[PDB]
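Asks: Pasting model21.cif below, which is mmCIF, N, CA and C atoms.
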```cif
data_start
#
loop_
_atom_site.label_atom_id
_atom_site.label_comp_id
_atom_site.auth_asym_id
_atom_site.auth_seq_id
_atom_site.Cartn_x
_atom_site.Cartn_y
_atom_site.Cartn_z
N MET E 1 -4.63 13.89 3.81
CA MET E 1 -5.49 12.67 3.80
C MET E 1 -6.44 12.66 4.98
N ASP E 2 -7.47 11.83 4.86
CA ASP E 2 -8.42 11.67 5.94
C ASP E 2 -7.80 10.74 6.96
N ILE E 3 -8.62 10.11 7.79
CA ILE E 3 -8.13 9.20 8.81
C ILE E 3 -7.73 7.86 8.22
N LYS E 4 -8.60 7.33 7.38
CA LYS E 4 -8.35 6.04 6.74
C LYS E 4 -6.93 6.00 6.20
N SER E 5 -6.71 6.81 5.17
CA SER E 5 -5.41 6.91 4.53
C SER E 5 -4.37 7.53 5.46
N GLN E 6 -4.81 8.11 6.57
CA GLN E 6 -3.89 8.75 7.51
C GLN E 6 -2.93 7.79 8.18
N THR E 7 -3.44 6.71 8.71
CA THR E 7 -2.60 5.76 9.40
C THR E 7 -1.86 4.89 8.42
N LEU E 8 -2.48 4.63 7.28
CA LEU E 8 -1.83 3.85 6.26
C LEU E 8 -0.71 4.69 5.69
N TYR E 9 -0.98 5.98 5.56
CA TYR E 9 0.01 6.91 5.08
C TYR E 9 1.05 7.09 6.17
N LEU E 10 0.58 7.51 7.33
CA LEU E 10 1.45 7.71 8.47
C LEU E 10 2.30 6.47 8.68
N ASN E 11 1.68 5.31 8.47
CA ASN E 11 2.40 4.05 8.59
C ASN E 11 3.47 3.99 7.52
N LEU E 12 3.14 4.55 6.35
CA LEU E 12 4.07 4.59 5.24
C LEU E 12 5.31 5.38 5.64
N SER E 13 5.09 6.57 6.18
CA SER E 13 6.18 7.41 6.63
C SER E 13 6.96 6.71 7.73
N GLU E 14 6.22 6.21 8.70
CA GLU E 14 6.81 5.49 9.82
C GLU E 14 7.63 4.32 9.33
N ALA E 15 7.16 3.72 8.26
CA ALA E 15 7.81 2.57 7.66
C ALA E 15 9.01 2.97 6.85
N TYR E 16 8.79 3.91 5.96
CA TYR E 16 9.84 4.39 5.09
C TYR E 16 11.11 4.64 5.90
N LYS E 17 10.93 4.98 7.18
CA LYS E 17 12.05 5.20 8.07
C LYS E 17 12.57 3.86 8.61
N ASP E 18 12.01 2.75 8.10
CA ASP E 18 12.43 1.42 8.51
C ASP E 18 13.90 1.23 8.16
N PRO E 19 14.78 1.03 9.16
CA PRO E 19 16.22 0.86 8.93
C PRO E 19 16.55 -0.09 7.78
N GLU E 20 15.65 -1.01 7.46
CA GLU E 20 15.88 -1.94 6.36
C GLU E 20 15.09 -1.52 5.13
N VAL E 21 14.67 -0.28 5.18
CA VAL E 21 13.97 0.38 4.11
C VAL E 21 14.84 1.56 3.71
N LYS E 22 15.48 2.16 4.73
CA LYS E 22 16.41 3.24 4.53
C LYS E 22 17.49 2.76 3.58
N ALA E 23 17.89 1.51 3.80
CA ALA E 23 18.90 0.88 2.97
C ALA E 23 18.33 0.62 1.60
N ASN E 24 17.02 0.39 1.56
CA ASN E 24 16.32 0.13 0.32
C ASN E 24 15.65 1.41 -0.17
N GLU E 25 16.45 2.32 -0.70
CA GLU E 25 15.94 3.59 -1.21
C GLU E 25 14.73 3.38 -2.11
N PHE E 26 14.74 2.28 -2.84
CA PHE E 26 13.64 1.96 -3.74
C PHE E 26 12.38 1.67 -2.94
N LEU E 27 12.57 1.09 -1.76
CA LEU E 27 11.46 0.75 -0.89
C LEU E 27 10.97 1.98 -0.14
N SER E 28 11.90 2.80 0.35
CA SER E 28 11.54 3.98 1.07
C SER E 28 11.02 5.04 0.11
N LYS E 29 11.75 5.25 -0.97
CA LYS E 29 11.35 6.22 -1.99
C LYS E 29 9.93 5.95 -2.47
N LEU E 30 9.59 4.68 -2.65
CA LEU E 30 8.25 4.33 -3.09
C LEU E 30 7.25 4.65 -1.99
N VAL E 31 7.64 4.37 -0.75
CA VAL E 31 6.79 4.67 0.39
C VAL E 31 6.66 6.18 0.51
N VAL E 32 7.74 6.87 0.15
CA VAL E 32 7.79 8.32 0.19
C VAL E 32 6.86 8.90 -0.86
N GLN E 33 7.19 8.65 -2.12
CA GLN E 33 6.38 9.12 -3.24
C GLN E 33 4.92 8.74 -3.00
N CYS E 34 4.72 7.48 -2.63
CA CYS E 34 3.40 6.97 -2.32
C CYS E 34 2.81 7.74 -1.15
N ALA E 35 3.66 8.03 -0.16
CA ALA E 35 3.24 8.78 1.02
C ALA E 35 2.59 10.09 0.62
N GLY E 36 3.20 10.74 -0.36
CA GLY E 36 2.66 11.99 -0.86
C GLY E 36 1.36 11.77 -1.60
N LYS E 37 1.19 10.57 -2.13
CA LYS E 37 -0.01 10.22 -2.86
C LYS E 37 -1.20 10.08 -1.91
N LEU E 38 -0.90 9.84 -0.63
CA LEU E 38 -1.92 9.69 0.39
C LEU E 38 -2.45 11.04 0.84
N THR E 39 -1.56 12.02 0.96
CA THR E 39 -1.94 13.35 1.37
C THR E 39 -3.17 13.80 0.65
N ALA E 40 -3.14 13.62 -0.65
CA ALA E 40 -4.26 14.00 -1.48
C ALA E 40 -5.35 12.94 -1.44
N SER E 41 -5.54 12.30 -0.29
CA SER E 41 -6.56 11.27 -0.17
C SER E 41 -7.91 11.79 -0.64
N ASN E 42 -8.07 13.12 -0.65
CA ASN E 42 -9.29 13.73 -1.14
C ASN E 42 -9.62 13.11 -2.50
N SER E 43 -8.55 12.71 -3.19
CA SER E 43 -8.65 12.03 -4.45
C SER E 43 -8.58 10.54 -4.14
N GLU E 44 -9.54 10.09 -3.34
CA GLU E 44 -9.59 8.70 -2.91
C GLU E 44 -9.62 7.78 -4.11
N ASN E 45 -10.14 8.29 -5.21
CA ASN E 45 -10.18 7.53 -6.44
C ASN E 45 -8.77 7.42 -6.99
N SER E 46 -8.01 8.47 -6.75
CA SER E 46 -6.63 8.55 -7.17
C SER E 46 -5.75 7.79 -6.20
N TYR E 47 -6.17 7.77 -4.95
CA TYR E 47 -5.48 7.06 -3.91
C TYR E 47 -5.90 5.61 -4.00
N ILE E 48 -7.08 5.40 -4.60
CA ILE E 48 -7.65 4.09 -4.83
C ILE E 48 -6.81 3.35 -5.84
N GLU E 49 -6.29 4.11 -6.79
CA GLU E 49 -5.44 3.56 -7.81
C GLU E 49 -4.13 3.17 -7.17
N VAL E 50 -3.46 4.14 -6.58
CA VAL E 50 -2.23 3.84 -5.87
C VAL E 50 -2.55 2.84 -4.76
N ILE E 51 -3.84 2.81 -4.38
CA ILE E 51 -4.31 1.89 -3.37
C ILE E 51 -4.37 0.49 -3.97
N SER E 52 -4.73 0.43 -5.25
CA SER E 52 -4.79 -0.83 -5.96
C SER E 52 -3.39 -1.34 -6.21
N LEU E 53 -2.45 -0.40 -6.34
CA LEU E 53 -1.07 -0.72 -6.60
C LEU E 53 -0.30 -0.94 -5.30
N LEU E 54 -0.86 -0.48 -4.18
CA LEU E 54 -0.20 -0.62 -2.89
C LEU E 54 -0.32 -2.03 -2.33
N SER E 55 -1.55 -2.51 -2.20
CA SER E 55 -1.79 -3.85 -1.65
C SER E 55 -0.92 -4.90 -2.33
N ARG E 56 -0.50 -4.63 -3.56
CA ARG E 56 0.34 -5.57 -4.30
C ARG E 56 1.71 -4.97 -4.60
N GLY E 57 1.78 -3.65 -4.60
CA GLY E 57 3.03 -2.96 -4.90
C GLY E 57 4.15 -3.29 -3.92
N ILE E 58 3.92 -3.01 -2.64
CA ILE E 58 4.93 -3.25 -1.62
C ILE E 58 5.38 -4.72 -1.61
N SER E 59 4.58 -5.59 -2.22
CA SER E 59 4.92 -7.00 -2.30
C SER E 59 5.28 -7.39 -3.73
N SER E 60 4.97 -6.50 -4.68
CA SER E 60 5.25 -6.72 -6.08
C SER E 60 6.72 -6.53 -6.38
N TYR E 61 7.42 -5.85 -5.47
CA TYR E 61 8.84 -5.58 -5.64
C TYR E 61 9.68 -6.86 -5.68
N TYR E 62 9.13 -7.98 -5.21
CA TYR E 62 9.88 -9.24 -5.21
C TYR E 62 10.33 -9.62 -6.62
N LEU E 63 9.61 -10.54 -7.27
CA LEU E 63 9.94 -10.98 -8.63
C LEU E 63 11.44 -11.29 -8.76
N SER E 64 12.13 -10.67 -9.71
CA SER E 64 13.56 -10.92 -9.90
C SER E 64 14.41 -10.18 -8.87
N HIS E 65 13.75 -9.45 -7.97
CA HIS E 65 14.46 -8.71 -6.93
C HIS E 65 14.04 -9.18 -5.54
N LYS E 66 14.46 -10.39 -5.19
CA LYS E 66 14.13 -10.98 -3.89
C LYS E 66 14.74 -10.17 -2.75
N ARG E 67 14.05 -10.16 -1.61
CA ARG E 67 14.52 -9.43 -0.44
C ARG E 67 13.92 -10.03 0.84
N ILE E 68 13.87 -9.24 1.91
CA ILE E 68 13.33 -9.72 3.18
C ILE E 68 11.92 -9.16 3.43
N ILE E 69 11.86 -7.89 3.84
CA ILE E 69 10.60 -7.19 4.14
C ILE E 69 10.53 -6.82 5.62
N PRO E 70 11.05 -5.64 6.00
CA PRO E 70 11.04 -5.19 7.39
C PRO E 70 9.64 -4.80 7.86
N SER E 71 9.08 -5.60 8.77
CA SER E 71 7.75 -5.39 9.35
C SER E 71 6.94 -4.30 8.63
N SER E 72 7.34 -3.05 8.80
CA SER E 72 6.66 -1.92 8.17
C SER E 72 6.72 -1.98 6.63
N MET E 73 7.01 -3.16 6.09
CA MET E 73 7.07 -3.36 4.65
C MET E 73 6.20 -4.55 4.29
N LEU E 74 5.11 -4.68 5.02
CA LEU E 74 4.16 -5.77 4.84
C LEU E 74 2.83 -5.42 5.49
N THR E 75 2.89 -4.67 6.60
CA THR E 75 1.70 -4.26 7.32
C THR E 75 0.95 -3.18 6.56
N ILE E 76 1.69 -2.41 5.78
CA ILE E 76 1.08 -1.34 5.02
C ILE E 76 0.21 -1.93 3.91
N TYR E 77 0.82 -2.71 3.03
CA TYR E 77 0.08 -3.34 1.94
C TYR E 77 -1.07 -4.15 2.52
N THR E 78 -0.78 -4.85 3.60
CA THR E 78 -1.79 -5.66 4.27
C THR E 78 -2.89 -4.75 4.81
N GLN E 79 -2.46 -3.68 5.48
CA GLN E 79 -3.35 -2.68 6.05
C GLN E 79 -4.23 -2.13 4.95
N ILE E 80 -3.60 -1.98 3.81
CA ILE E 80 -4.25 -1.50 2.62
C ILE E 80 -5.39 -2.46 2.23
N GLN E 81 -5.14 -3.75 2.44
CA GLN E 81 -6.12 -4.78 2.15
C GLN E 81 -7.14 -4.88 3.27
N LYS E 82 -6.70 -4.55 4.48
CA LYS E 82 -7.57 -4.58 5.65
C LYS E 82 -8.48 -3.38 5.62
N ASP E 83 -7.96 -2.29 5.10
CA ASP E 83 -8.72 -1.07 5.00
C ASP E 83 -9.84 -1.32 4.02
N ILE E 84 -9.48 -2.04 2.98
CA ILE E 84 -10.38 -2.43 1.94
C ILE E 84 -11.49 -3.31 2.53
N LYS E 85 -11.08 -4.47 3.04
CA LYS E 85 -12.01 -5.43 3.62
C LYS E 85 -12.73 -4.87 4.84
N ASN E 86 -12.05 -4.01 5.59
CA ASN E 86 -12.64 -3.44 6.80
C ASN E 86 -13.66 -2.36 6.49
N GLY E 87 -13.65 -1.85 5.27
CA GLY E 87 -14.57 -0.81 4.90
C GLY E 87 -14.04 0.56 5.27
N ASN E 88 -12.73 0.73 5.11
CA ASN E 88 -12.09 1.99 5.39
C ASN E 88 -11.93 2.74 4.09
N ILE E 89 -11.84 1.96 3.02
CA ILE E 89 -11.70 2.44 1.69
C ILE E 89 -13.04 2.30 1.00
N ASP E 90 -13.29 3.07 -0.04
CA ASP E 90 -14.55 2.93 -0.75
C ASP E 90 -14.32 1.93 -1.85
N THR E 91 -14.08 0.70 -1.41
CA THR E 91 -13.80 -0.40 -2.31
C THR E 91 -14.85 -0.51 -3.40
N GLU E 92 -15.94 0.22 -3.25
CA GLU E 92 -16.98 0.24 -4.25
C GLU E 92 -16.41 0.90 -5.49
N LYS E 93 -15.60 1.92 -5.25
CA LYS E 93 -14.94 2.64 -6.31
C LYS E 93 -13.80 1.79 -6.82
N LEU E 94 -12.96 1.33 -5.90
CA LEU E 94 -11.88 0.44 -6.24
C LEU E 94 -12.43 -0.74 -7.01
N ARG E 95 -13.66 -1.10 -6.69
CA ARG E 95 -14.32 -2.20 -7.33
C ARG E 95 -14.58 -1.89 -8.79
N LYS E 96 -14.94 -0.65 -9.06
CA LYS E 96 -15.21 -0.23 -10.43
C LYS E 96 -13.90 -0.05 -11.18
N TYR E 97 -12.96 0.58 -10.50
CA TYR E 97 -11.66 0.84 -11.07
C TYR E 97 -10.85 -0.45 -11.18
N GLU E 98 -11.05 -1.38 -10.25
CA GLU E 98 -10.32 -2.64 -10.30
C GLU E 98 -10.82 -3.48 -11.47
N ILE E 99 -12.09 -3.34 -11.81
CA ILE E 99 -12.65 -4.07 -12.93
C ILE E 99 -11.94 -3.68 -14.19
N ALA E 100 -11.85 -2.38 -14.38
CA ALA E 100 -11.19 -1.80 -15.54
C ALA E 100 -9.70 -2.06 -15.52
N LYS E 101 -9.20 -2.59 -14.42
CA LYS E 101 -7.80 -2.86 -14.28
C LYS E 101 -7.48 -4.35 -14.31
N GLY E 102 -8.39 -5.16 -13.79
CA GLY E 102 -8.16 -6.59 -13.73
C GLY E 102 -6.96 -6.90 -12.87
N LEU E 103 -6.96 -6.34 -11.67
CA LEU E 103 -5.85 -6.49 -10.73
C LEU E 103 -5.89 -7.80 -9.93
N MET E 104 -5.15 -7.80 -8.82
CA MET E 104 -5.03 -8.94 -7.93
C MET E 104 -5.94 -8.79 -6.72
N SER E 105 -5.68 -9.63 -5.73
CA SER E 105 -6.44 -9.60 -4.49
C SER E 105 -5.71 -10.35 -3.38
N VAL E 106 -4.41 -10.47 -3.57
CA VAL E 106 -3.50 -11.12 -2.62
C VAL E 106 -4.22 -11.83 -1.47
N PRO E 107 -4.61 -13.11 -1.65
CA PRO E 107 -5.28 -13.86 -0.61
C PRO E 107 -4.32 -14.64 0.27
N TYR E 108 -3.06 -14.24 0.21
CA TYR E 108 -2.01 -14.86 1.01
C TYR E 108 -1.52 -13.91 2.10
N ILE E 109 -2.34 -12.91 2.43
CA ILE E 109 -1.97 -11.92 3.44
C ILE E 109 -1.27 -12.56 4.64
N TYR E 110 -0.05 -12.08 4.91
CA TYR E 110 0.74 -12.60 6.02
C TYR E 110 0.63 -11.68 7.23
N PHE E 111 -0.53 -11.04 7.36
CA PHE E 111 -0.82 -10.12 8.47
C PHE E 111 0.44 -9.44 8.99
#
```
Produce structure tokens that represent the structure in this file.
Replies:
Amino acid sequence: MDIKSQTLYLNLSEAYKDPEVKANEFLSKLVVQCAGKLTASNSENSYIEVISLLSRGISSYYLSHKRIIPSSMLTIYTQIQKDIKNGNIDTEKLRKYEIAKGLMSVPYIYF
């Protein structure tokens, strides 16, 4: 991955090692699998997709499966949204792909 996805990715790895994520194999595994999805950031359009699923994914796990969220399990998705708003991501593409997806935009960011 480039720099943009680097810290978000690196943050993913750093997070996946979150002691309250280690316990949550589903949370770490997703950060893991997702982590690998960042490597190929060259496919920013492909990372844009997982990027569209990230900003809401790490928080989408709630629903019928309530939990806590260990720091590194909120800053990533948020970072993902900050990267977007900050102009780290080519949200122009995400913008086109998000249209075809009709996704969310989590305006409740808990930083």
Asks: Since I can't run it myself right now, could you work out what the PyMOL selection byres (((chain E and resi 83-92 and name CA) around 10) and name CA) selects here and report it as a list in words?
Replies: residues 3, 4, 5, 8, 44, 45, 47, 48, 51, 52, 55, 76, 77, 78, 79, 80, 81, 82, 93, 94, 95, 96, 97 and 98 of chain E
Asks: Suppose you want the space between atom N of residue 27 in chain E and CA of residue 61 in chain E; what is it in Å?
Replies: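 About the pair atom N of residue 27 in chain E and CA of residue 61 in chain E: they are 8.6 Å apart.
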Asks: Would you mind listing, for every residue of range 38-72 of chain E within 9 Å of range 11-19 of chain E, the two atoms forming the shortest contact and the distance between them in Å to one decimal, using only C-alpha atoms, sorted by chain and ascending residue number, as a Markdown table?
Replies:
```
| residue | atom | partner | partner_atom | distance |
| --- | --- | --- | --- | --- |
| E:70 | CA | E:18 | CA | 6.8 |
| E:71 | CA | E:15 | CA | 8.1 |
| E:72 | CA | E:15 | CA | 4.7 |
```
Asks: Tell me, as JSON, numbers by chain, which residues lie within 8 Å of residue 35 in chain E, counting only N, CA and C atoms; anything in the same chain fewer than 4 positions away does not count.
Replies: {"E": [8, 9, 10, 12, 13, 28, 29, 30, 31, 39, 40]}
Asks: Tell me, which residues of chain E carry DSSP alpha helix (DSSP H), written as a ChimeraX atom specification?
Replies: /E:4-16,19-22,25-39,44-60,75-86,91-99
Asks: Would you work out the distance separating CA of residue 22 in chain E from CA of residue 66 in chain E, expressed in Å to one decimal?
Replies: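 Taking CA of residue 22 in chain E as the start and CA of residue 66 in chain E as the end point, the length is 16.7 Å.
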Asks: Calculated over only C-alpha atoms, which of the candidates E:41, E:1, E:67, E:50 has the smallest distance to residue 20 in chain E?
Replies: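 Going through E:41, E:1, E:67, E:50 one by one, the smallest distance to residue 20 in chain E is for E:67.
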Asks: Record the distance separating CA of residue 101 in chain E and atom C of residue 69 in chain E, expressed in Å with one decimal.
Replies: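 Here the two named atoms are 27.3 Å from each other.
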Asks: Taking into account only C-alpha atoms, which residue in the set E:54, E:49, E:64, E:75 is nearest to residue 100 in chain E?
Replies: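 Checking each of E:54, E:49, E:64, E:75 against residue 100 in chain E, counting only C-alpha atoms, the winner is E:49.
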Asks: Go through E:26, E:2, E:103, E:74 and flag the residue nearest residue 38 in chain E, using only N, CA and C atoms for the distances.
Replies: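 Distance minimum relative to residue 38 in chain E lands on E:2.
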Asks: With distances taken over only N, CA and C atoms, which of E:21, E:46, E:34, E:56 is nearest to residue 106 in chain E?
Replies: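 The closest residue to residue 106 in chain E is E:56.
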Asks: Measuring atom to atom with only C-alpha atoms, identify which of E:73, E:32, E:37, E:107 is nearest to residue 59 in chain E.
Replies: E:73
Asks: Output range 54-73 of chain E with N, CA, C and O atoms present, as a CSV table (one decimal), keeping the file's coordinate frame.
Replies:
```csv
chain,number,residue,atom,x,y,z
E,54,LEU,N,-0.9,-0.5,-4.2
E,54,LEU,CA,-0.2,-0.6,-2.9
E,54,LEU,C,-0.3,-2.0,-2.3
E,54,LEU,O,0.7,-2.7,-2.0
E,55,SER,N,-1.6,-2.5,-2.2
E,55,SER,CA,-1.8,-3.8,-1.6
E,55,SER,C,-0.9,-4.9,-2.3
E,55,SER,O,-0.6,-5.9,-1.7
E,56,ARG,N,-0.5,-4.6,-3.6
E,56,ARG,CA,0.3,-5.6,-4.3
E,56,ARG,C,1.7,-5.0,-4.6
E,56,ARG,O,2.7,-5.7,-4.9
E,57,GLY,N,1.8,-3.6,-4.6
E,57,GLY,CA,3.0,-3.0,-4.9
E,57,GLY,C,4.2,-3.3,-3.9
E,57,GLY,O,5.2,-3.8,-4.3
E,58,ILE,N,3.9,-3.0,-2.6
E,58,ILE,CA,4.9,-3.2,-1.6
E,58,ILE,C,5.4,-4.7,-1.6
E,58,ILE,O,6.4,-5.0,-1.1
E,59,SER,N,4.6,-5.6,-2.2
E,59,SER,CA,4.9,-7.0,-2.3
E,59,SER,C,5.3,-7.4,-3.7
E,59,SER,O,5.8,-8.5,-4.0
E,60,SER,N,5.0,-6.5,-4.7
E,60,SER,CA,5.2,-6.7,-6.1
E,60,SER,C,6.7,-6.5,-6.4
E,60,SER,O,7.2,-7.0,-7.4
E,61,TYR,N,7.4,-5.8,-5.5
E,61,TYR,CA,8.8,-5.6,-5.6
E,61,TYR,C,9.7,-6.9,-5.7
E,61,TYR,O,10.8,-6.8,-6.1
E,62,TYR,N,9.1,-8.0,-5.2
E,62,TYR,CA,9.9,-9.2,-5.2
E,62,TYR,C,10.3,-9.6,-6.6
E,62,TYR,O,11.3,-9.1,-7.1
E,63,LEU,N,9.6,-10.5,-7.3
E,63,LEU,CA,9.9,-11.0,-8.6
E,63,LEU,C,11.4,-11.3,-8.8
E,63,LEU,O,12.0,-12.1,-8.0
E,64,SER,N,12.1,-10.7,-9.7
E,64,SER,CA,13.6,-10.9,-9.9
E,64,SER,C,14.4,-10.2,-8.9
E,64,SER,O,15.6,-10.3,-8.9
E,65,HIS,N,13.8,-9.4,-8.0
E,65,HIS,CA,14.5,-8.7,-6.9
E,65,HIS,C,14.0,-9.2,-5.5
E,65,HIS,O,13.3,-8.5,-4.8
E,66,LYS,N,14.5,-10.4,-5.2
E,66,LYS,CA,14.1,-11.0,-3.9
E,66,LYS,C,14.7,-10.2,-2.8
E,66,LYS,O,15.8,-9.6,-2.9
E,67,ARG,N,14.0,-10.2,-1.6
E,67,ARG,CA,14.5,-9.4,-0.4
E,67,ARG,C,13.9,-10.0,0.8
E,67,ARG,O,13.5,-11.2,0.9
E,68,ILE,N,13.9,-9.2,1.9
E,68,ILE,CA,13.3,-9.7,3.2
E,68,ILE,C,11.9,-9.2,3.4
E,68,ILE,O,10.9,-9.9,3.3
E,69,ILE,N,11.9,-7.9,3.8
E,69,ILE,CA,10.6,-7.2,4.1
E,69,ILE,C,10.5,-6.8,5.6
E,69,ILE,O,10.0,-7.6,6.4
E,70,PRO,N,11.0,-5.6,6.0
E,70,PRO,CA,11.0,-5.2,7.4
E,70,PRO,C,9.6,-4.8,7.9
E,70,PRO,O,9.1,-3.8,7.4
E,71,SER,N,9.1,-5.6,8.8
E,71,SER,CA,7.8,-5.4,9.4
E,71,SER,C,6.9,-4.3,8.6
E,71,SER,O,6.0,-4.6,7.9
E,72,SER,N,7.3,-3.0,8.8
E,72,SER,CA,6.7,-1.9,8.2
E,72,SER,C,6.7,-2.0,6.6
E,72,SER,O,6.5,-1.0,6.0
E,73,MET,N,7.0,-3.2,6.1
E,73,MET,CA,7.1,-3.4,4.6
E,73,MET,C,6.2,-4.6,4.3
E,73,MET,O,6.5,-5.3,3.4
```
